[PDB]
Amino acid sequence: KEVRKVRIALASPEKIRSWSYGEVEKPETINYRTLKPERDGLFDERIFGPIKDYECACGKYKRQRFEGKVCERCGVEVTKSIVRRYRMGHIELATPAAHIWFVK
Amino acid sequence: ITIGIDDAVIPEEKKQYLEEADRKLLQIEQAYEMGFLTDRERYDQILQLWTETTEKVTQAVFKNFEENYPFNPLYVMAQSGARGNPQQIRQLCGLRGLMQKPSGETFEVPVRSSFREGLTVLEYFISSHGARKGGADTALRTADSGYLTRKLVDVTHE
Amino acid sequence: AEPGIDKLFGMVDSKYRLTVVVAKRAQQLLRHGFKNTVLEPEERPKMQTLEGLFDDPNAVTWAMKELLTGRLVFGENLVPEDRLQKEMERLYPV
Amino acid sequence: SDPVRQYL
Amino acid sequence: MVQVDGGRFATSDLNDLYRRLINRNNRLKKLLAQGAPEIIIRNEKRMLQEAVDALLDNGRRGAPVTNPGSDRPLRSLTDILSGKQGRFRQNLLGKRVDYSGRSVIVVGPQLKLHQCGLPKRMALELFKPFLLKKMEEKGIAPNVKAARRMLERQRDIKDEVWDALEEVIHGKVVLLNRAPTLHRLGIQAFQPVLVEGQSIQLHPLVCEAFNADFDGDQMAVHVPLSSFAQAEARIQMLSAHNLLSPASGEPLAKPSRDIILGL
Amino acid sequence: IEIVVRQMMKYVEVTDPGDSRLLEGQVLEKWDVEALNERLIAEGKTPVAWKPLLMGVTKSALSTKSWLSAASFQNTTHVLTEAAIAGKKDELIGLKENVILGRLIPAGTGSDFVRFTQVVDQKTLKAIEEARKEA
Amino acid sequence: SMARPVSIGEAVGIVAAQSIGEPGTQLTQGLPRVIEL
Amino acid sequence: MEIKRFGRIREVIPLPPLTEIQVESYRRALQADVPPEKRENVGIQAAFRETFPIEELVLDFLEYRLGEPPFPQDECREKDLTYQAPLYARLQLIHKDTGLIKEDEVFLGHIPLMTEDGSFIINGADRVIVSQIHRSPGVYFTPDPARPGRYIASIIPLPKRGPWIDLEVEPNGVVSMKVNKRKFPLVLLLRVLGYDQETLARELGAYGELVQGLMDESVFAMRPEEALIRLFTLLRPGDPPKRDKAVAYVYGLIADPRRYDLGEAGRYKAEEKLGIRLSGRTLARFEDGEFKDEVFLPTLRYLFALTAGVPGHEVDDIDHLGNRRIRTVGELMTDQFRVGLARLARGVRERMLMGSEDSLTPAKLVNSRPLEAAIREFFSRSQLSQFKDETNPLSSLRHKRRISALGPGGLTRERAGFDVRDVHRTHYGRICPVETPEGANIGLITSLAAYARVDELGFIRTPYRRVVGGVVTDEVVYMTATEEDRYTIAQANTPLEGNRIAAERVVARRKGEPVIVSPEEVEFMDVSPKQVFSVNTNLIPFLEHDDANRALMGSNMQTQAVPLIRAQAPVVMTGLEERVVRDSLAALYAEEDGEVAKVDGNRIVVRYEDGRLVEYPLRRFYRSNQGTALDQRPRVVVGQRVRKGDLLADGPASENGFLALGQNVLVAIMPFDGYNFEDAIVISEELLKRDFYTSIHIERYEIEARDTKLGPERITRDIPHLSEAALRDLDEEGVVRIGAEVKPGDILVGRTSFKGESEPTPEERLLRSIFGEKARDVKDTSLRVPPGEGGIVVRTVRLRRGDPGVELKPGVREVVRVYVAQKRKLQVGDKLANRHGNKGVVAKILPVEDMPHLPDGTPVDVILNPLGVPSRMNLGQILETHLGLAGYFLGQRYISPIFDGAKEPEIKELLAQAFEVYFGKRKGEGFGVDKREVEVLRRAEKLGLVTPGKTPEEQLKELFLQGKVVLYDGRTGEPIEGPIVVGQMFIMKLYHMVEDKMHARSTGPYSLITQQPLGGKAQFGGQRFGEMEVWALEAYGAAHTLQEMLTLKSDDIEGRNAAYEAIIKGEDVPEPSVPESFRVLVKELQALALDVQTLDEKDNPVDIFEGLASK
Amino acid sequence: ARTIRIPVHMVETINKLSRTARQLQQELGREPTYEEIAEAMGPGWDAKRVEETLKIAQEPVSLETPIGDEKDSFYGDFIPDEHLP
RNA sequence: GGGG
DNA sequence: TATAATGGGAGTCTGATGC
DNA sequence: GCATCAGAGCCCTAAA
Ligand SMILES: [Mg+2]
Ligand SMILES: [Zn+2]
């Protein structure tokens, strides 16, 4: 189908969660020795997708015969690495915070 | 078609017009120290005298060209619209004219020289104030103009 | 200036409609390898190589020239779009 | 208005 | 988070804004489970608000969050969207483009109004994909991949490749642009005439519309790729078809300077 | 200059809503209130009383129906907060909207007037016609 | 530019802004009066 | 050849050392050559004295010393090191609680040293610190714009050394004080100073309504202590107004000679303006337990008398160059030093309150990191520390004398308005009115005038000769602008007989205002016309004939002149071209009298009278910052007798010691077939043939081999899948051999890198299996020549880890640098300019036979279009050509000083003498007047050029005196129908060359987030099609061209990939898909918690992520 | 404190290495080499290990770091994308 | 910071 | 994991619009 | 009235 319109609207917390592939539980980025992303951190492949096309993190499933499988050992989906541009995460606030645009 | 230094032709009328301007100028000075005219009035009359003397020398430059040198390069370029305009040619063969102070008010003393005769360091410096003000004005304007255009585009684009 | 550009603007109600007709026609020619052209061997646009004369490869040049002949029909809602495509691929293979 | 000062 | 050339890491400011947030959220959860007094939980909560605030719009309220030992405000989500450098006015309403080049412009009196001088070396890059196909069709190379390998080293370029390029550009136009593009004639279409040499040759008559001199101006070249784009350029944008000002209706391409002088 | 001035006068302010949902003092495009008022005069209800409004190009540009247009101009957060609250839908009428999406602008070869124009040669037009002129 | 009826589809608003803006550079009220209007 | 010098002005003093603004400033700051006890309290010394002693234990400063540089300058440039000296300080620790004294000399790091010519070497690259103009500290009074009859007194300290103060007098009648944007009634502060109502009434009172308006009873109802506490609450809402805490705040802001510094110049201006004497640089003191006023009451006293109209009170012009001062290299560096020192002091106090209050020496107590960082930060990242302009010697000379009003402690572009950019009347003789940038920076960046020097306080002074009675002495007085305004100063050209003023009326200035005056009234006189203009402007002959706007371009462009291998001095000079070369230090001179012992390409050995044999090595083909070649050539021969200061070697762009920025060419001023159009320039192929406008350029290439987690990068000759033809010019180790021609695509340094887990794909595995060849462990990462570059390899530097003397940044095994040279012949697109602002790009190179030529066969070099002259109003170039014509036949060069120059009669005399040589030769050789010469003369006599009724020789001579000659068109042989201006002009080849600027891209690198092409030629970038370019395409209605720009030619990834595949297959390009940067926008709005939905006509969502982002 | 998190004990070694160099530079009047630090650190330490440790201690740099002082051009703008074909 |  | 230690340090000019 | 906010032209180079 063809795009005729662009709507913009407020996002409920449910929908923000409807977007998210995982909760970012840790400030970690990548491991200082291996340089691979840290589990549950900002770059985690279990959340945002694989770094390499159709290849999971630990490398049990490395090619496209499996597309959509989630590796039992490392937990990463086998798909295009492009998804690290698309998939959103989320942070679950303990107490609510106001969105400054609607305040200031 | 070429340009040599002799192609900027000082009209004979210039020396005369300068003599006319100085006798006129002395009479206006007498009305100041004798108390006939004010400080405001004296300055205003001087500017008026020198503007008209400037115009006079311009017509003389172009009349001398048309009658006695109609194929002169400066004249030809200006008249055809190839390059040059009367005020620029007037600065080459005439006088440079009145210059502006750093504020905006004009000096009473004009630049009597032409680029062919050459200026005096003091004339050159006096003239510099206006050049710089013109350059700063233009620089700050292109931004105002540029911004204006973007507003117009944004309001009419559909 | 494009040859007979004034006459091409004559043929249309809006200059942009000329461009659409030209562009679409040039695409028709490229996809089908020119064998649907309405030009005749002496009307074919030519291109001078080091070898010598060959067919002008530029299809947009072809299309404007074709248009000048009068042999092209332009308008809206003439033929269902898909049916045209099949009849042309039947008449002029790929 | 100043978070340190408020806490102090 | 990318490794640059030297093995060094370069990272976006958003990562630091998130990290502040995550730390404060996690500490808040811990302070709650351990039953901290209200003064402490309150301090943590207001700090959490500020961390969210910096992430979304940094500097909007309160001191801008900075990386340590730099005064540079971190670039938050609001800064990314908005401003001259923002997403809209930088990557959306305008973009950098492929099949484009730039060089110094030089006058080309011998040109017809619809032509420009285009350096052959510029033309080889701008039309490179077209040139590869043509190099296969005649035969300068066995296939497309080998042809590209030949253009990489400048001494591996033989003279038949230049003839191939002449064939490629036949009947096609290129777009010339000179900044600032004040009105639509800041861009015009020209049929390129390949020239030896590093300079773009511009027709004298179009200098006025572009406000071009030869005191060192440069112009940018663009290649309309599709049959549709090429048609638009040749009909609507061609220099020869725009002779009158869209503003006043008066002639734009008209005699000036030497032309006026001689006549 | 007239094209621009026309856009400056694009908007009106409600003096009396009559039998409508509008509020006194609400600002809206002159076009939208005329369309509404002809639905009221055709429904037999008191029309909206409005007054002409003049705004400079900046204010006028920021007030446009298209939020992609307005937010890419200036005041990006403000434009975007009001649009998101309202649930605004951009119909992609103007140029900037389509430029942002990388769409084909609704001008020149993109205008709906010339966009769908077909070309066919007589040698193909007649060929297609004969097979279908029968059962 | 063509000295003839305008073609449907011409983006006239854009041409209007370019036609008014382009001279802005060479304006010595002056450009301030134009912006005021 | 002969050098004929014009002008009658006798200049009593030579130009000062031109780099002294740099050299003297830094020497004064470091005082390295002064024995410590004799150092004055200034620069580094003053900083230490200000920071110490450090109170709680007391750490006291004894003295500092500067070591010798670890490496010489040449070595620093080679190794990417800073040229610097070790700084040590002797410190004594005292225990106030005990008696303990420990003394040690602690190492504070290095301080960068200035070279002899006034520049720096910071990380191997040469840098210049640009002087900064700003408002002098002091006390100023300006009229209040709001109330046309009231005034504001402003107390301004040195930058970052205190707050700005405003004393506005409010509508209610009370005198208000503004500090840090907060206002209160000034009476309260007066009470804190210990003032009583009597003192203010008795001191001031004379002003009926003003003095009584300051008196407020509630404030007096409290002793000086209560008023101090009361004021503090008015300033710090929330800090408990503890009496010691309040004192601390007010003392540090006002009375502390550490947190508040009026200048030394501030002290003088304050003492002078208010007629008081300051005990220090602070607004108040803490003495005998309370505060005692210094400044505030005198400033209040001056304000009220001015508001009234008391004689002796004036407003201050804030743009006057007496009230505007220069912060030179020394001062700028010292400010950063003081900052770094204060940070170290924080560290001292924090370490003196921890780890045992006893077991600490000064060496453990001091961490020098804050000091080293402040200095390294200033030199590397400051805005006043700039990459040296060393295109030619004049470039750097000019760079060092530039004056900026921007930078850390000055304006911004987003924040500077007309008053500052203006040419002030006081700029006369101090700041050049010509040399400033075109564009946004006009008036903010300027240049020191030729005779100007910055005094110790920082005010620019200019020389004048004293005139007593009517006799002009030779005693010269350097004046500030404030002091100059007192006298009546006659112009430098006023007629003199001997030492006497010979005119009854002289042209003079009083406060910048031009005035006609009798010799009895003449107090001083200008030293020279040169003193009004910069060094670049002073290099323009016949400047009095050039419109200033073009002279500006003339000045700036000499900075851009490229050193030419045949470089020559202009045939018409101004007489400054000798001094510029000498002060630049590019040229080499003899120290004492002597005899030349040896002369080489590489060196010159001189045997002096002393008996010592001194060897001067020559800098040969060294690469400057801009890649122009700095190269010195020997000008003497073995055994030549030299005196002190005689030339030994020529530097770049110098010829026998005179500045050579270009070449002298034979020019014809005339249209030529439109190749001359709109400033384009036509040149003769003869110029390339004889190597005119040829210049050497060197480009530097660098590559690192580093340790990776995948294994070491290796610089090797073994590179996978490459033929021996490709590797031919590489040595055993993989480096290109010295003396090879390298062209784009060629390997410079071979390098291999270990393949990622990208460990060749199964598609590649099977392919590799077919050819019997296993896929290699390493991939080819070799350094290659970029498009459009290349030349001859003249040098290679290799630096490994584990070689004596070298250690690289962590992880880097080895670094190879390759220096590649190119001889650049002039070509089409290169830019030429003369000194009058005529500039143009070379549009056509004609073969010599097409060039216009004189009857005697001499072809012209350059054809310049006359249409460039009349609107531009630069006629000096015309006079330059005429005098240049005379010199071509007379074999001479001239020195015509600016404003005291060769005039028309004098040029005519020279021109007549030339005609005899141009013509008399012919009449004697047995040739008469030409037929075509008669035809032109016919047309010329119709033009009123020649007198009708004279012989052809007489008429040609009449034309030659107008600088016009008969010119033959080399194409036809027929004459040009009129006489044409021909002569010798000085023209430079500027640094803007097509070879550097030509760029093109099909596809290339893309950006990480936006996926749009990168920018710039060096990244192989795409052109920016910006908002305004999109508008143009919209106005054309080019919808598909525009859409291509927005998608297939940028960030539509599927589209750009698919379009390329179609073109190489001969298919038409596909319809585009969504631009990736729109997807970025969508995801960025989601990160802001906004739901952005693409919808169809049925209002159902359309997924532009094609299922990838939904669970 | 670090964008790349480092084990607490490793941060202690790095901080130790810093202090040591500061001592070494204060007595020597110049930057110590890797070998001089390796000596000062005692057994187990060679120059190779001092270098590897400093490599590990390097903090990333902002993609938004400005090149020049104008607001235009960022360091991230000069970084090609090596991932996408 | 230079160029148009 | 144990002397005692209890409140921080630091720096232009425009026009439009909501208290 | 007065404060608070968000505006303030385009393309290009080189240096970091
Ligand atoms: Mg130009
Ligand atoms: Zn796995």
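Per chain, the count goes from 1 following the written sequence and can depart from the entry's numbering; residues without coordinates do not appear at all. Chains and ligands are labelled sequentially in the order written, the chains with letters from A and the ligands with numbers from 1. Note that the chains on view sit within a larger assembly, with every value limited to the chains on view. Values reported for side chains reflect all heavy atoms of the structure, with hydrogen atoms and water molecules removed beforehand. Residues with missing side-chain atoms are left out of burial classes, side-chain pairs and their counts.

As recorded in the PDB header, X-ray crystallography is the method behind this entry, and the stated resolution is 2.766 Å.

(A) Highlighting the overall build of chain A. Under the DSSP-based scheme used, a helix requires at least four consecutive residues in state H or I and a strand at least two consecutive residues in state E, with every element numbered from the N terminus. Along chain A, the regular secondary structure elements total two helices and one strand. Beginning at the N terminus, the succession of helices and strands in chain A can be written as β-α-α. Its C-alpha atoms give chain A a radius of gyration of 17 Å, more than 25% over the compact-globule value 13 Å for 104 residues. The principal-axis extents of the C-alpha atoms in chain A amount to approximately 50 × 40 × 20 Å. Atoms considered for the radius of gyration are the C-alpha atoms alone. The globule rule reads 2.2 Å times the number of residues to the power 0.38.

(B) Molecular detail of the overall build of chain E. Helix and strand counts for chain E come out as eleven helices and nine strands. Over its C-alpha trace chain E gives a radius of gyration of 28 Å, far above what one expects of a compact globule, namely 18 Å for 263 residues. Dimensions of chain E, computed from the C-alpha atoms along their principal axes, are close to 90 × 55 × 35 Å. Only protein chains enter the accessibility calculation, which uses a 1.4 Å probe. A residue is then buried if its area is under 20% of the maximum for its type, exposed if over 50%, and partly exposed in between. Within chain E, buried positions represent 62% of all 263 residues. Partitioning the contacts of chain E with sequence separation of at least 6, the portion at a separation of at least 24 is 62%. We call two residues in contact whenever any of their non-hydrogen atoms come within 4.5 Å of each other.

(C) The arrangement of a negative patch on the surface in detail. On the surface, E55, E56, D97, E357 and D358 of chain H cluster together to form a negatively charged patch. Mapped onto the elements, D358 of chain H comes out in the loop between helix 12 (329-351) and helix 13 (362-365). Residues enter patches when they are more than 30% accessible in relative terms and free of salt bridges; like-charged ones are connected within 9 Å and nonpolar ones (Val, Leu, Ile, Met, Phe, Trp, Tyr) within 5 Å. In these tables, accessible area is a Shrake-Rupley quantity obtained with a 1.4 Å probe, and a residue counts as shielded only by the protein chains included in the view. Criterion for a salt bridge: a side-chain nitrogen of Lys or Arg within 4 Å of a carboxyl oxygen of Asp or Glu. Only four residue types enter the charge count: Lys and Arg as positive, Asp and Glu as negative, with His and the chain ends excluded. A charge is said to be at NZ when it belongs to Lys, at CZ for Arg, at CG for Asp and at CD for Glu.

(D) Spatial organisation of the protein's contact with DNA strand K. Nearness is judged by heavy atoms alone; a residue qualifies as near a molecule or strand once a single heavy atom is within 4 Å of it. The full set of residues close to DNA strand K is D2, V4, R5 and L8 of chain D, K59 of chain F together with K160, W164, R236, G238, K245, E414 and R415 of chain H. Polar contact is defined as a pair of N or O atoms within 3.5 Å, subject to the rule that within protein one atom must be able to donate a hydrogen and the other to accept it, and that residues adjacent in sequence are counted only when both atoms are side-chain atoms. One nitrogen or oxygen atom from the main chain of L8 of chain D is found 3.5 Å from a base nitrogen belonging to DNA strand K. With respect to DNA strand K, the side chain of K59 of chain F contributes an N or O atom lying 2.6 Å from a phosphate oxygen.

(E) Representation of the environment of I105 of chain F within the structure. Examined against the element boundaries, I105 of chain F turns out to sit in the loop between helix 6 (95-101) and strand 5 (118-121). The spatial distance from the C-alpha of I105 of chain F to the C-alpha of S66 of chain F is 15 Å, given a sequence separation of 39 residues. If near-sequence neighbours (up to four positions away) are discounted, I105 of chain F is found in contact with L95, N98, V99, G110 and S111 of chain F together with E1034, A1039 and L1042 of chain H.

(F) Representation of helix 1 (residues 12-21) of chain G. Within helix 1 of chain G, seven of the ten residues are buried, which leaves the element mostly enclosed by the surrounding structure. Taken together, the buried positions of helix 1 of chain G are occupied by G13, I14, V15, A16, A17, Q18 and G21 of chain G.

(G) Expanded view of the pairing of strand 59 (residues 1090-1095) of chain H. Most of strand 59 of chain H is tucked away: six of the six residues are buried. Think of it this way: DSSP has to see at least two bridges between two strands before they count as a pair. Strand direction decides the pairing type here: strand 1 (residues 5-10) of chain A and strand 59 of chain H, joined by six bridges, are antiparallel. Its bridge partner being in strand 59 of chain H, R7 of chain A is matched across the sheet by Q1093 of chain H.

(H) Examining the packing of helix 5 (residues 121-156) of chain B against helix 1 of chain G more closely. Axis angles are defined between N-to-C directions and span 0 to 180 degrees, where every axis is a line fitted to C-alpha atoms and, for a helix, only to the segment in contact. Across the interface, helix 5 of chain B lies against helix 1 of chain G with an axial gap of 8 Å and an inter-helix angle of 165 degrees. Classed by the angle they form, the pair helix 5 of chain B and helix 1 of chain G counts as roughly antiparallel. Helix 5 of chain B and helix 1 of chain G meet at a crossing whose hand is right-handed. Residues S145, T149, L152, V153 and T156 of chain B of helix 5 of chain B touch helix 1 of chain G, and the partners they reach there are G13, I14, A17, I20 and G21 of chain G. Charged residues are taken to be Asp, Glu, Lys and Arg, nonpolar residues to be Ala, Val, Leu, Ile, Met, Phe, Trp, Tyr, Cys and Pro, and polar residues to be all remaining types, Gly included. Tallied by class, the residues present in the contact of helix 5 of chain B with helix 1 of chain G amount to five nonpolar, five polar and no charged. Throughout, the term roughly parallel applies to angles under 35 degrees, roughly antiparallel to angles over 145, roughly perpendicular to angles from 65 to 115, and oblique to all others. It is the rotation of the near helix from the far one that decides the hand of a crossing: anticlockwise by less than a right angle makes it left-handed, clockwise makes it right-handed.

(I) Up close: helix 3 (residues 47-56) of chain I. Inspection of helix 3 of chain I places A47, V50, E51 and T53 of chain I among the buried residues, and these make up the whole buried set. Around the axis of helix 3 of chain I, the buried residues are gathered within 160 degrees of arc, so they sit on the same side. Buried residues along helix 3 of chain I sit against strand 50 (812-824) of chain H together with helix 1 (8-28) and helix 2 (34-40) of chain I. This arc is taken over the directions from the axis of the helix to the C-beta atoms.

(J) How the structure looks around the nonpolar core. Residues enter a nonpolar core if they are buried and are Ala, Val, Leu, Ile, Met, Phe, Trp, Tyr or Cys, with the set joined through side-chain atoms within 4.5 Å. One finds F127, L165, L176, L202 and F214 of chain E to be the most contacted residues of the largest nonpolar core, which totals 159 residues. At seven residues, the largest contribution of residues to this core is made by helix 2 (residues 38-56) of chain E. Not counting residues up to four positions away in its chain, the partners in contact with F214 of chain E are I105, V106, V107, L202 and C207 of chain E together with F677, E678, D679, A680, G840 and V841 of chain H. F6, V572, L661 and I976 of chain H belong to the second-largest nonpolar core, a separate cluster that totals 127 residues.

(K) Examining the environment of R643 of chain H more closely. Residue and element names in this part refer to chain H. Within the element layout of this structure, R643 appears in the loop between strand 36 (641-642) and strand 37 (647-650). For the pair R643 and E595, spaced 48 residues apart in sequence, the C-alpha to C-alpha distance is 8.6 Å. Sequence-distant contacts of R643, defined by excluding residues within four places in its chain, comprise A590, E592 and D593.

(L) Geometry of the coordination of the zinc ion (ligand 2). All names here are of chain A. Any nitrogen, oxygen or sulfur atom within 2.8 Å of a metal ion counts as a donor, with the limit raised to 3.2 Å for Na, K and Ca, and since water is left out, coordination shells can look unfinished. The protein atoms that coordinate the zinc ion (ligand 2) are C56 (SG), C58 (SG), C71 (SG) and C74 (SG), at distances of 2.2 to 2.6 Å. Around the zinc ion (ligand 2) sit four donor atoms; with metal-centred angles ranging over 92 to 121 degrees, the donor geometry is tetrahedral. Each donor residue of the zinc ion (ligand 2) belongs to the same chain, and together they define the spacing C-x1-C-x12-C-x2-C. A residue pair is termed long-range when its members are at least 10 positions apart, and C56 in the segment after helix 2 (45-48) and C74 in the segment after helix 2 qualify at 18 residues. Every angle between 85 and 135 degrees makes a four-donor site tetrahedral, while opposite donors more than 155 degrees apart, with all other angles between 65 and 115, make a four-donor site square planar and a six-donor site octahedral; other sites are irregular.

(M) Quick look at the side chain of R87 of chain A. The topology assignment puts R87 of chain A in the segment after helix 2. Judged by its relative accessible area of 8%, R87 of chain A falls in the buried class. Within the local environment of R87 of chain A, its side chain forms a polar contact with the side chain of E77 of chain A, the two groups lying 2.7 Å apart. Excluding anything up to four places from it in sequence, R87 of chain A contacts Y21, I47, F48, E77 and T79 of chain A together with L1108 of chain H.

(N) Local environment of the interface of chain H and chain E. With 88 residues of chain H at the contact, the number on the chain E side is 85 residues. Buried area: the sum, over both parts, of the accessible surface (1.4 Å probe) that disappears when the two are put together. When the buried surface of chain H facing chain E is broken down by residue, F677, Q1023 and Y1036 of chain H rank first, second and third, together holding 11% of it. Seen at the junction of chain H and chain E, the total is six salt bridges. Among the salt bridges present, the one from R153 of chain E reaches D746 of chain H, with a minimum N-O distance of 3.0 Å. For the interface between chain H and chain E, the tally reads 43 residue pairs in polar contact. Looking at the side of chain H that touches chain E, the element that brings in the most residues is helix 29 (residues 1027-1036) of chain H, giving eight residues. Across the side of chain H that touches chain E, the residue classes tally to 44 nonpolar, 22 polar and 22 charged. Across three bridges, strand 4 (residues 100-107) of chain E lies against strand 57 (residues 999-1001) of chain H in antiparallel orientation. Looking across to strand 57 of chain H, one finds that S100 of chain E is bridged to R1001 of chain H.

(O) Molecular detail of the coordination of the magnesium ion (ligand 1). Residue and element names in this part refer to chain E. At 1.9 to 2.7 Å from the magnesium ion (ligand 1) lie its protein donor atoms, namely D213 (OD), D215 (OD), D215 (OD) and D217 (OD). Written as a sequence motif, the donor residues of the magnesium ion (ligand 1) are D-x1-D-x1-D. Take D215: its relative accessible area is 18%, and that puts it in the buried class. Taking the relative accessible area as the measure of exposure, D217 reaches 10% and is therefore buried.

(P) Local environment of the protein's contact with RNA strand J. The local shell around RNA strand J holds 13 residues, among which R178 and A179 of chain E together with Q560, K831 and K839 of chain H are the closest. The share of sugar and phosphate among atoms of RNA strand J within 4 Å of the protein is 87%. Residue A179 of chain E places a main-chain N or O atom 3.1 Å away from a base nitrogen belonging to RNA strand J. One nitrogen or oxygen atom from the side chain of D215 of chain E is found 3.2 Å from a sugar or linking oxygen belonging to RNA strand J.

(Q) Summary view of the packing of aromatic side chains. The pairing test for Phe, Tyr and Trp rings, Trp by its six-membered ring, is centres within 6.5 Å, and the orientation test on the planes gives stacked under 30 degrees, edge-to-face over 60, and tilted for anything in between. Under the defined criterion, the tally for this structure stands at 31 aromatic pairs over all chains. Centre to centre, the rings of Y61 of chain A and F66 of chain A are 5.3 Å apart; their planes meet at 75 degrees, and the pair counts as edge-to-face. What makes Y61 of chain A buried here is its relative accessible area of 13%. Classification of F66 of chain A as partly exposed rests on a relative accessible area of 29%. With a centroid separation of 5.1 Å and 65 degrees between ring planes, the pair formed by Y86 of chain A and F1105 of chain H is classed as edge-to-face. Remark: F1105 of chain H occurs in the segment after strand 59 and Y86 of chain A occurs in the segment after helix 2; the pair is interchain, linking two chains. The two residues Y86 of chain A and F1105 of chain H agree in class, both being buried. Linked through ring pairs, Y888, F889, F915, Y918, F919 and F960 of chain H together constitute an aromatic cluster. Throughout this description, the term charge over a ring refers to an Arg CZ or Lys NZ atom that lies within 6 Å of the ring centre and within 35 degrees of the ring normal. Of note, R582 of chain H hangs over the ring of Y589 of chain H, and the distance from its end group to the ring centre comes to 4.4 Å. Between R690 of chain H and the ring centre of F692 of chain H, over which it is positioned, the NZ or CZ distance is 4.5 Å.

(R) Molecular detail of the sheet that holds strand 5 (residues 120-122) of chain H. Residues and elements named next belong to chain H. Ordered by their spatial adjacency, three strands build an open sheet running 5-6-16, and the pairing between neighbours is antiparallel. Either end of the sheet is taken by a strand with one partner, and the two such strands are strand 5 and strand 16 (385-387). The average undirected angle you get between the axes of adjacent strands in this sheet is 50 degrees. Both strand 6 (residues 125-129) and strand 16 contribute to a ladder of three bridges, which runs antiparallel. Its bridge partner lying in strand 16, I129 is registered against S385. Packed onto the sheet, helix 14 (residues 369-381) meets strand 5, strand 6 and strand 16 and runs at close to 95 degrees relative to strand 6.

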